[PDB]
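# Architecture at a glance
Listed below are the residues making up each chain.
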Amino acid sequence: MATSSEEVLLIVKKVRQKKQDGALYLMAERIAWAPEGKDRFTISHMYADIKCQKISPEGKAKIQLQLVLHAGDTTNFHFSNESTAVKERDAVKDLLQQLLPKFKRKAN
C-alpha cells in the first residue's frame with residue numbers, strides 16, 4: 001500500500017476442483033478461489049505461504065494443477081467445460097509456472 005493497490009495477475013470465473021466448481025483468482029503472490037459471488041475470492045494462498053508444485057496438465061484429463069502448503073495442505077485445481085478446458089486454463093496454469101519464479105527461483 002505504498003504505491004497504489006495490490007497487483008493481481010489473472011482470474012478465472014470458471015474453475016473445477018474435486019471439491020467444487022468455482023471461480024479461481026490468481027494474484028501475483030497467491031492463488032485465490034471463489035464461488036458464485038461478486039468479484040472477490042473465498043480464499044487465497046500466498047505462493048510463499050505454500051510450497052509444493054506439481055505440473056500435471058500437459059497431456060492430462062483437462063488442465064489440473066497442484067500446489068501444497070508448507071503446512072500439510074494441498075491445493076488442487078481444474079478447469080474444464082464442454083470445450084473450455086484448453087488455452088484459457090492453459091494460460092492460467094501458464095501463469096502459475098510464471099509466478100513460481102517469484103517465490104521460488106527455478107533457473108538462474
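Residues numbered from 1 in each chain as written, not as in the entry; some residues may be left out. Heavy atoms only, no water.

## A few points about the sheet that holds strand β7 (residues 74-78)
Pairing is antiparallel in the open sheet, where 3 strands are placed in the order β5-β6-β7. Among the strands making up the open sheet, the edge pair consists of β5 (53-55) and β7. In this sheet, adjacent strand axes meet at a mean angle of 15° when their direction is disregarded. (Pairing = 2+ DSSP bridges. Helix = DSSP H or I, 4+ residues; strand = E, 2+ residues; numbered from the N terminus. Axes fitted to C-alpha atoms, helices over the stretch in contact; angles between N-to-C directions.)

## Some thoughts on the pattern of salt bridges
When their charged atoms lie close together, side chains carrying opposite charge are able to pair. With the rule as written, the count across this model stands at 1 salt bridge. A salt bridge links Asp21 to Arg16, with the shortest nitrogen-to-oxygen separation between them at 2.5 Å. Looking at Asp21, the relative accessible area reads 37%, which means it is partly exposed. (Salt bridge = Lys/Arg side-chain N within 4 Å of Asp/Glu carboxyl O. Buried < 20%, exposed > 50% of the residue type's maximum accessible area, 1.4 Å probe, protein only.)

## Some words on the sheet that holds strand β2 (residues 23-27)
Strand-to-strand pairing in sheets goes through backbone hydrogen bonds, with the strands running parallel or antiparallel. Taken together, 4 strands build an open sheet; the order of strands is β1-β2-β3-β4 and the sheet is antiparallel. A single partner strand is all that each edge strand has here, and the edge strands are β1 (8-12) and β4 (43-46). Pairs of neighbouring strands in the sheet enclose a mean axial angle of 15°, with direction left out of account. Across 4 bridges, β1 lies against β2 in antiparallel orientation.

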